[PDB]
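final21.csv (CSV, N, CA, C and O atoms) appears below.
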chain,number,residue,atom,x,y,z
R,1,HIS,N,-8.1,98.1,154.2
R,1,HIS,CA,-8.3,97.0,155.3
R,1,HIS,C,-7.1,96.2,155.6
R,1,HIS,O,-6.3,95.9,154.7
R,2,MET,N,-7.0,95.7,156.8
R,2,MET,CA,-5.8,95.1,157.3
R,2,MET,C,-5.4,93.8,156.5
R,2,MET,O,-4.2,93.6,156.4
R,3,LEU,N,-6.3,93.1,156.0
R,3,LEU,CA,-6.1,91.9,155.2
R,3,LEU,C,-5.7,92.0,153.8
R,3,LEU,O,-5.5,91.0,153.1
R,4,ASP,N,-5.6,93.3,153.3
R,4,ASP,CA,-5.5,93.6,151.9
R,4,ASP,C,-4.3,93.0,151.2
R,4,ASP,O,-4.4,92.5,150.2
R,5,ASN,N,-3.1,92.9,151.9
R,5,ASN,CA,-1.9,92.4,151.3
R,5,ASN,C,-2.1,90.9,151.0
R,5,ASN,O,-1.7,90.4,149.9
R,6,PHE,N,-2.6,90.2,152.0
R,6,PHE,CA,-2.8,88.8,151.9
R,6,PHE,C,-3.8,88.5,150.7
R,6,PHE,O,-3.5,87.5,149.9
R,7,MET,N,-4.9,89.2,150.6
R,7,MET,CA,-5.8,89.0,149.6
R,7,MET,C,-5.3,89.3,148.2
R,7,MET,O,-5.5,88.5,147.3
R,8,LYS,N,-4.5,90.3,148.1
R,8,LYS,CA,-3.8,90.6,146.8
R,8,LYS,C,-2.9,89.5,146.4
R,8,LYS,O,-2.8,89.2,145.2
R,9,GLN,N,-2.1,89.0,147.4
R,9,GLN,CA,-1.2,87.9,147.1
R,9,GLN,C,-1.9,86.7,146.6
R,9,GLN,O,-1.4,86.0,145.7
R,10,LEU,N,-3.0,86.4,147.3
R,10,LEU,CA,-3.8,85.3,146.8
R,10,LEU,C,-4.4,85.4,145.4
R,10,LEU,O,-4.4,84.5,144.6
R,11,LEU,N,-4.9,86.6,145.1
R,11,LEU,CA,-5.3,86.9,143.7
R,11,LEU,C,-4.2,86.8,142.7
R,11,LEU,O,-4.4,86.2,141.6
R,12,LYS,N,-3.0,87.3,143.0
R,12,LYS,CA,-1.8,87.1,142.2
R,12,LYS,C,-1.4,85.7,141.9
R,12,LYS,O,-1.1,85.3,140.8
R,13,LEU,N,-1.4,84.9,143.0
R,13,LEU,CA,-1.1,83.5,142.9
R,13,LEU,C,-2.2,82.8,142.0
R,13,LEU,O,-1.8,81.9,141.2
R,14,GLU,N,-3.5,83.2,142.1
R,14,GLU,CA,-4.5,82.6,141.3
R,14,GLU,C,-4.3,82.9,139.8
R,14,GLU,O,-4.5,82.1,138.9
R,15,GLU,N,-3.9,84.2,139.5
R,15,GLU,CA,-3.6,84.7,138.2
R,15,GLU,C,-2.5,83.8,137.6
R,15,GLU,O,-2.6,83.3,136.5
R,16,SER,N,-1.5,83.5,138.4
R,16,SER,CA,-0.4,82.7,137.9
R,16,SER,C,-0.8,81.2,137.7
R,16,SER,O,-0.4,80.7,136.7
R,17,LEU,N,-1.6,80.7,138.6
R,17,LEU,CA,-2.1,79.3,138.4
R,17,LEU,C,-3.0,79.2,137.2
R,17,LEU,O,-3.0,78.2,136.5
R,18,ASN,N,-3.9,80.2,137.0
R,18,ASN,CA,-4.7,80.2,135.8
R,18,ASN,C,-3.9,80.1,134.5
R,18,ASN,O,-4.3,79.3,133.6
R,19,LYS,N,-2.8,80.8,134.4
R,19,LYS,CA,-1.9,80.8,133.3
R,19,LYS,C,-1.3,79.4,133.1
R,19,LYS,O,-1.3,78.9,132.0
R,20,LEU,N,-0.9,78.7,134.2
R,20,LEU,CA,-0.4,77.3,134.1
R,20,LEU,C,-1.4,76.3,133.7
R,20,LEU,O,-1.2,75.4,132.9
R,21,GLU,N,-2.7,76.5,134.2
R,21,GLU,CA,-3.8,75.6,133.9
R,21,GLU,C,-4.2,75.7,132.4
R,21,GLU,O,-4.4,74.7,131.8
R,22,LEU,N,-4.2,76.9,131.9
R,22,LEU,CA,-4.6,77.2,130.5
R,22,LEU,C,-3.5,76.5,129.6
R,22,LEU,O,-3.8,75.8,128.6
R,23,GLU,N,-2.2,76.8,129.9
R,23,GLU,CA,-1.0,76.1,129.2
R,23,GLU,C,-1.1,74.6,129.2
R,23,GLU,O,-0.9,74.0,128.1
R,24,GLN,N,-1.5,74.0,130.3
R,24,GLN,CA,-1.6,72.6,130.3
R,24,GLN,C,-2.8,72.0,129.5
R,24,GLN,O,-2.6,71.0,128.8
R,25,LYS,N,-3.9,72.7,129.7
R,25,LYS,CA,-5.1,72.3,128.9
R,25,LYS,C,-4.8,72.2,127.4
R,25,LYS,O,-5.3,71.3,126.7
R,26,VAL,N,-4.1,73.2,126.9
R,26,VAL,CA,-3.6,73.2,125.5
R,26,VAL,C,-2.6,72.1,125.2
R,26,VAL,O,-2.8,71.2,124.4
R,27,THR,N,-1.5,72.1,126.0
R,27,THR,CA,-0.3,71.3,125.9
R,27,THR,C,-0.7,69.7,125.8
R,27,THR,O,-0.1,69.0,125.0
R,28,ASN,N,-1.7,69.3,126.5
R,28,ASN,CA,-2.2,67.9,126.4
R,28,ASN,C,-2.8,67.5,125.0
R,28,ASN,O,-4.0,67.3,124.9
Y,1,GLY,N,-9.1,84.5,163.7
Y,1,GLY,CA,-8.3,85.2,164.7
Y,1,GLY,C,-6.8,85.2,164.4
Y,1,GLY,O,-6.4,84.8,163.3
Y,2,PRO,N,-5.9,85.5,165.4
Y,2,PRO,CA,-4.5,85.5,165.2
Y,2,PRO,C,-3.8,84.2,164.7
Y,2,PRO,O,-2.9,84.2,163.9
Y,3,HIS,N,-4.3,83.1,165.3
Y,3,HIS,CA,-3.7,81.8,164.9
Y,3,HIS,C,-4.0,81.4,163.5
Y,3,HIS,O,-3.2,80.9,162.7
Y,4,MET,N,-5.3,81.6,163.2
Y,4,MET,CA,-5.8,81.3,161.8
Y,4,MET,C,-5.0,82.2,160.8
Y,4,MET,O,-4.7,81.7,159.7
Y,5,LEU,N,-4.8,83.5,161.2
Y,5,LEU,CA,-4.1,84.4,160.3
Y,5,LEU,C,-2.7,83.9,160.1
Y,5,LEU,O,-2.2,83.9,158.9
Y,6,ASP,N,-2.0,83.6,161.1
Y,6,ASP,CA,-0.6,83.1,161.1
Y,6,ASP,C,-0.5,81.9,160.2
Y,6,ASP,O,0.4,81.8,159.3
Y,7,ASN,N,-1.3,80.9,160.3
Y,7,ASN,CA,-1.3,79.7,159.5
Y,7,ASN,C,-1.5,80.1,158.1
Y,7,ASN,O,-0.9,79.5,157.2
Y,8,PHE,N,-2.5,81.0,157.8
Y,8,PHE,CA,-2.8,81.4,156.5
Y,8,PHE,C,-1.6,82.0,155.8
Y,8,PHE,O,-1.4,81.8,154.6
Y,9,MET,N,-0.9,82.9,156.5
Y,9,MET,CA,0.2,83.6,156.0
Y,9,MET,C,1.3,82.6,155.6
Y,9,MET,O,2.0,82.7,154.6
Y,10,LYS,N,1.6,81.6,156.5
Y,10,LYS,CA,2.5,80.6,156.2
Y,10,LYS,C,2.2,79.7,155.0
Y,10,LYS,O,3.0,79.4,154.2
Y,11,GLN,N,0.9,79.3,154.9
Y,11,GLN,CA,0.4,78.6,153.8
Y,11,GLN,C,0.5,79.4,152.5
Y,11,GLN,O,0.8,78.8,151.4
Y,12,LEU,N,0.3,80.7,152.5
Y,12,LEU,CA,0.6,81.6,151.4
Y,12,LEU,C,2.0,81.6,150.9
Y,12,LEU,O,2.2,81.6,149.7
Y,13,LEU,N,3.0,81.6,151.8
Y,13,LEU,CA,4.4,81.6,151.5
Y,13,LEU,C,4.7,80.3,150.8
Y,13,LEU,O,5.4,80.3,149.8
Y,14,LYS,N,4.2,79.2,151.4
Y,14,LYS,CA,4.4,77.9,150.8
Y,14,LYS,C,3.8,77.8,149.4
Y,14,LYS,O,4.4,77.2,148.5
Y,15,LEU,N,2.6,78.4,149.2
Y,15,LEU,CA,1.9,78.4,147.9
Y,15,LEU,C,2.8,79.1,146.9
Y,15,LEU,O,2.9,78.7,145.8
Y,16,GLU,N,3.3,80.2,147.3
Y,16,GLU,CA,4.1,81.0,146.4
Y,16,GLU,C,5.4,80.2,146.0
Y,16,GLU,O,5.8,80.2,144.8
Y,17,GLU,N,6.0,79.6,147.0
Y,17,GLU,CA,7.1,78.7,146.7
Y,17,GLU,C,6.8,77.6,145.7
Y,17,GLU,O,7.5,77.3,144.8
Y,18,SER,N,5.6,77.0,145.9
Y,18,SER,CA,5.2,75.9,145.0
Y,18,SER,C,4.9,76.4,143.6
Y,18,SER,O,5.3,75.7,142.6
Y,19,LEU,N,4.2,77.5,143.4
Y,19,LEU,CA,3.9,78.1,142.1
Y,19,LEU,C,5.2,78.5,141.4
Y,19,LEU,O,5.3,78.3,140.2
Y,20,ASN,N,6.1,79.0,142.1
Y,20,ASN,CA,7.4,79.4,141.5
Y,20,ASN,C,8.1,78.2,140.8
Y,20,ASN,O,8.6,78.3,139.8
Y,21,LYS,N,8.0,77.0,141.5
Y,21,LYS,CA,8.6,75.8,140.9
Y,21,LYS,C,8.0,75.4,139.6
Y,21,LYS,O,8.6,75.1,138.6
Y,22,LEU,N,6.6,75.6,139.6
Y,22,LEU,CA,5.9,75.3,138.4
Y,22,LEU,C,6.1,76.3,137.2
Y,22,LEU,O,6.2,75.9,136.1
Y,23,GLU,N,6.3,77.6,137.6
Y,23,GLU,CA,6.5,78.6,136.7
Y,23,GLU,C,7.9,78.5,136.0
Y,23,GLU,O,8.0,78.6,134.8
Y,24,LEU,N,8.9,78.2,136.8
Y,24,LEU,CA,10.3,78.0,136.4
Y,24,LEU,C,10.3,76.8,135.4
Y,24,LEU,O,10.8,76.9,134.3
Y,25,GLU,N,9.7,75.7,135.7
Y,25,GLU,CA,9.5,74.6,134.8
Y,25,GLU,C,8.9,74.9,133.5
Y,25,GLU,O,9.3,74.5,132.4
Y,26,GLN,N,7.8,75.7,133.5
Y,26,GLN,CA,7.1,76.1,132.3
Y,26,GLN,C,7.9,77.1,131.5
Y,26,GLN,O,7.9,77.0,130.2
Y,27,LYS,N,8.6,78.0,132.1
Y,27,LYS,CA,9.5,79.0,131.4
Y,27,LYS,C,10.7,78.3,130.9
Y,27,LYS,O,11.2,78.7,129.8
S,1,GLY,N,-1.7,66.0,139.3
S,1,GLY,CA,-0.3,66.5,139.3
S,1,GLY,C,-0.2,67.6,140.3
S,1,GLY,O,-1.1,68.0,141.0
S,2,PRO,N,1.1,68.1,140.5
S,2,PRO,CA,1.3,69.1,141.5
S,2,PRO,C,0.5,70.4,141.3
S,2,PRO,O,0.0,70.9,142.2
S,3,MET,N,0.3,70.8,140.0
S,3,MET,CA,-0.5,71.9,139.7
S,3,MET,C,-2.0,71.9,140.2
S,3,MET,O,-2.5,72.8,140.7
S,4,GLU,N,-2.6,70.7,140.0
S,4,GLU,CA,-4.0,70.5,140.5
S,4,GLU,C,-4.0,70.4,142.0
S,4,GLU,O,-5.0,70.9,142.5
S,5,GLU,N,-3.0,69.9,142.6
S,5,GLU,CA,-2.9,70.0,144.1
S,5,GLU,C,-2.8,71.4,144.6
S,5,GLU,O,-3.4,71.8,145.6
S,6,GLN,N,-2.0,72.3,143.9
S,6,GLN,CA,-2.0,73.7,144.3
S,6,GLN,C,-3.3,74.4,144.1
S,6,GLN,O,-3.6,75.4,144.8
S,7,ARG,N,-4.0,74.1,143.0
S,7,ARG,CA,-5.4,74.6,142.8
S,7,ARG,C,-6.3,74.3,144.0
S,7,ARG,O,-7.0,75.2,144.5
S,8,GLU,N,-6.2,73.1,144.6
S,8,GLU,CA,-7.0,72.7,145.7
S,8,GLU,C,-6.6,73.5,147.0
S,8,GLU,O,-7.5,73.9,147.7
S,9,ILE,N,-5.3,73.6,147.2
S,9,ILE,CA,-4.7,74.4,148.3
S,9,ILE,C,-5.2,75.8,148.2
S,9,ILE,O,-5.7,76.4,149.1
S,10,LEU,N,-5.1,76.4,147.0
S,10,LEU,CA,-5.5,77.7,146.8
S,10,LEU,C,-7.0,77.9,147.1
S,10,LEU,O,-7.4,78.9,147.7
S,11,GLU,N,-7.8,77.0,146.6
S,11,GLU,CA,-9.2,77.1,146.9
S,11,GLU,C,-9.6,76.9,148.3
S,11,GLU,O,-10.5,77.6,148.8
S,12,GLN,N,-8.8,76.1,149.1
S,12,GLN,CA,-8.9,76.0,150.5
S,12,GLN,C,-8.5,77.4,151.2
S,12,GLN,O,-9.2,77.8,152.2
S,13,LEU,N,-7.5,78.0,150.8
S,13,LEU,CA,-7.1,79.3,151.3
S,13,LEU,C,-8.1,80.4,151.0
S,13,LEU,O,-8.3,81.2,151.9
S,14,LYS,N,-8.8,80.3,149.9
S,14,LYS,CA,-9.9,81.2,149.6
S,14,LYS,C,-11.1,81.0,150.6
S,14,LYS,O,-11.6,82.0,151.2
S,15,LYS,N,-11.3,79.8,151.0
S,15,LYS,CA,-12.3,79.5,152.0
S,15,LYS,C,-11.9,80.1,153.3
S,15,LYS,O,-12.7,80.7,154.1
S,16,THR,N,-10.6,79.8,153.7
S,16,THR,CA,-10.1,80.3,155.0
S,16,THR,C,-10.2,81.8,155.1
S,16,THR,O,-10.6,82.4,156.1
S,17,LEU,N,-9.8,82.5,154.0
S,17,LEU,CA,-10.0,84.0,153.9
S,17,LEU,C,-11.3,84.5,154.3
S,17,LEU,O,-11.4,85.5,154.9
S,18,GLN,N,-12.4,83.8,153.8
S,18,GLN,CA,-13.7,84.2,154.1
S,18,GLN,C,-13.9,84.2,155.7
S,18,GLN,O,-14.8,85.0,156.2
S,19,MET,N,-13.3,83.3,156.4
S,19,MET,CA,-13.4,83.2,157.9
S,19,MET,C,-12.5,84.2,158.6
S,19,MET,O,-12.8,84.5,159.8
S,20,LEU,N,-11.5,84.6,158.0
S,20,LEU,CA,-10.5,85.5,158.7
S,20,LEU,C,-11.1,86.8,159.1
S,20,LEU,O,-11.9,87.4,158.3
S,21,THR,N,-10.8,87.3,160.2
S,21,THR,CA,-11.2,88.7,160.7
S,21,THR,C,-10.1,89.2,161.6
S,21,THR,O,-9.4,88.5,162.2
S,22,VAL,N,-9.9,90.5,161.5
S,22,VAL,CA,-9.0,91.2,162.5
S,22,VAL,C,-9.7,91.7,163.7
S,22,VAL,O,-9.0,92.3,164.6
S,23,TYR,N,-11.0,91.5,163.8
S,23,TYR,CA,-11.8,92.0,165.0
S,23,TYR,C,-12.0,90.9,166.0
S,23,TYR,O,-11.5,89.8,165.9
Starting from the coordinates I provided, produce the structure as structure tokens.
Amino acid sequence: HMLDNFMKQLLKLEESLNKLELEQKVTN
Amino acid sequence: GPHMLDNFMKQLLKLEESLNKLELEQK
Amino acid sequence: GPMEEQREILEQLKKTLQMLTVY
């Protein structure tokens, strides 16, 4: 489907943000 | 529609820019 | 912080995605 690239990029960005969020939760 | 799509694509690029700054700081 | 702001932006873009159509 035509929106596929955008959706994939969004999922990848969330994957990256999840990693930052988990790091911060610990780090504090 | 096309306008919403355009804005979304631009916001995505900005989001990736923003996340990169956070990733580089953490690394 | 900036990270939490990006989470909000990301969650808004997930909402907008649901409205997006190519038709």
Note to self: I need the contact residues of chain S against chain Y, so if you could list those with any atom within 6 Å, counting only N, CA, C and O atoms, and return them as an NGL selection string, that would help.
What the structure shows: :S and (19-21 or 23)
Could you give me, as a tab-separated table, every chain R residue with an atom at most 8 Å from chain Y, plus its closest atom pair and distance in Å to one decimal, counting only N, CA, C and O atoms, rows ordered by chain then number?
residue	atom	partner	partner_atom	distance
R:6	CA	Y:9	CA	7.3
R:9	O	Y:12	O	7.0
R:10	N	Y:12	CA	7.3
R:13	CA	Y:16	CA	6.7
R:16	O	Y:19	O	7.1
R:17	N	Y:19	CA	7.0
R:20	CA	Y:22	O	7.0
Next item on the list: To one decimal in Å, tell me the separation between atom CA of residue 18 of chain S and atom O of residue 22 of chain R.
Entry: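 Computed distance, atom CA of residue 18 of chain S to atom O of residue 22 of chain R, equals 28.6 Å.
Take atom O of residue 11 of chain S and atom CA of residue 8 of chain R: the distance between them is 14.8 Å.
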Using only N, CA, C and O atoms, what does the table of chain S residues within 8 Å of chain R look like, with each row giving the shortest atom pair and its distance in Å to one decimal, sorted by chain and ascending number, as a Markdown table?
| residue | atom | partner | partner_atom | distance |
| --- | --- | --- | --- | --- |
| S:3 | O | R:17 | O | 6.9 |
| S:4 | N | R:21 | CA | 7.9 |
| S:6 | C | R:17 | CA | 7.6 |
| S:7 | N | R:17 | CA | 7.2 |
| S:10 | O | R:10 | O | 7.1 |
| S:13 | C | R:10 | CA | 7.8 |
| S:14 | N | R:10 | CA | 7.7 |
| S:17 | CA | R:7 | CA | 7.8 |
| S:20 | O | R:3 | CA | 8.0 |
| S:21 | C | R:3 | N | 7.8 |
| S:22 | N | R:3 | N | 7.1 |
Keeping only N, CA, C and O atoms, write those residues as a PDB file, keeping the file's coordinate frame.
ATOM      1  N   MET S   3       0.300  70.800 140.000  1.00  0.00           N
ATOM      2  CA  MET S   3      -0.500  71.900 139.700  1.00  0.00           C
ATOM      3  C   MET S   3      -2.000  71.900 140.200  1.00  0.00           C
ATOM      4  O   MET S   3      -2.500  72.800 140.700  1.00  0.00           O
ATOM      5  N   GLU S   4      -2.600  70.700 140.000  1.00  0.00           N
ATOM      6  CA  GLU S   4      -4.000  70.500 140.500  1.00  0.00           C
ATOM      7  C   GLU S   4      -4.000  70.400 142.000  1.00  0.00           C
ATOM      8  O   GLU S   4      -5.000  70.900 142.500  1.00  0.00           O
ATOM      9  N   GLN S   6      -2.000  72.300 143.900  1.00  0.00           N
ATOM     10  CA  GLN S   6      -2.000  73.700 144.300  1.00  0.00           C
ATOM     11  C   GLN S   6      -3.300  74.400 144.100  1.00  0.00           C
ATOM     12  O   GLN S   6      -3.600  75.400 144.800  1.00  0.00           O
ATOM     13  N   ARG S   7      -4.000  74.100 143.000  1.00  0.00           N
ATOM     14  CA  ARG S   7      -5.400  74.600 142.800  1.00  0.00           C
ATOM     15  C   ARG S   7      -6.300  74.300 144.000  1.00  0.00           C
ATOM     16  O   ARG S   7      -7.000  75.200 144.500  1.00  0.00           O
ATOM     17  N   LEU S  10      -5.100  76.400 147.000  1.00  0.00           N
ATOM     18  CA  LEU S  10      -5.500  77.700 146.800  1.00  0.00           C
ATOM     19  C   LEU S  10      -7.000  77.900 147.100  1.00  0.00           C
ATOM     20  O   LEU S  10      -7.400  78.900 147.700  1.00  0.00           O
ATOM     21  N   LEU S  13      -7.500  78.000 150.800  1.00  0.00           N
ATOM     22  CA  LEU S  13      -7.100  79.300 151.300  1.00  0.00           C
ATOM     23  C   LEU S  13      -8.100  80.400 151.000  1.00  0.00           C
ATOM     24  O   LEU S  13      -8.300  81.200 151.900  1.00  0.00           O
ATOM     25  N   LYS S  14      -8.800  80.300 149.900  1.00  0.00           N
ATOM     26  CA  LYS S  14      -9.900  81.200 149.600  1.00  0.00           C
ATOM     27  C   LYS S  14     -11.100  81.000 150.600  1.00  0.00           C
ATOM     28  O   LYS S  14     -11.600  82.000 151.200  1.00  0.00           O
ATOM     29  N   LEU S  17      -9.800  82.500 154.000  1.00  0.00           N
ATOM     30  CA  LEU S  17     -10.000  84.000 153.900  1.00  0.00           C
ATOM     31  C   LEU S  17     -11.300  84.500 154.300  1.00  0.00           C
ATOM     32  O   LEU S  17     -11.400  85.500 154.900  1.00  0.00           O
ATOM     33  N   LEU S  20     -11.500  84.600 158.000  1.00  0.00           N
ATOM     34  CA  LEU S  20     -10.500  85.500 158.700  1.00  0.00           C
ATOM     35  C   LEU S  20     -11.100  86.800 159.100  1.00  0.00           C
ATOM     36  O   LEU S  20     -11.900  87.400 158.300  1.00  0.00           O
ATOM     37  N   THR S  21     -10.800  87.300 160.200  1.00  0.00           N
ATOM     38  CA  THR S  21     -11.200  88.700 160.700  1.00  0.00           C
ATOM     39  C   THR S  21     -10.100  89.200 161.600  1.00  0.00           C
ATOM     40  O   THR S  21      -9.400  88.500 162.200  1.00  0.00           O
ATOM     41  N   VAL S  22      -9.900  90.500 161.500  1.00  0.00           N
ATOM     42  CA  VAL S  22      -9.000  91.200 162.500  1.00  0.00           C
ATOM     43  C   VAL S  22      -9.700  91.700 163.700  1.00  0.00           C
ATOM     44  O   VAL S  22      -9.000  92.300 164.600  1.00  0.00           O
TER      45      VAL S  22
END
Item checked: Straight-line distance linking atom N of residue 2 of chain S with atom O of residue 16 of chain S, stated in Å to one decimal ->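 Straight-line distance from atom N of residue 2 of chain S to atom O of residue 16 of chain S works out to 24.2 Å.
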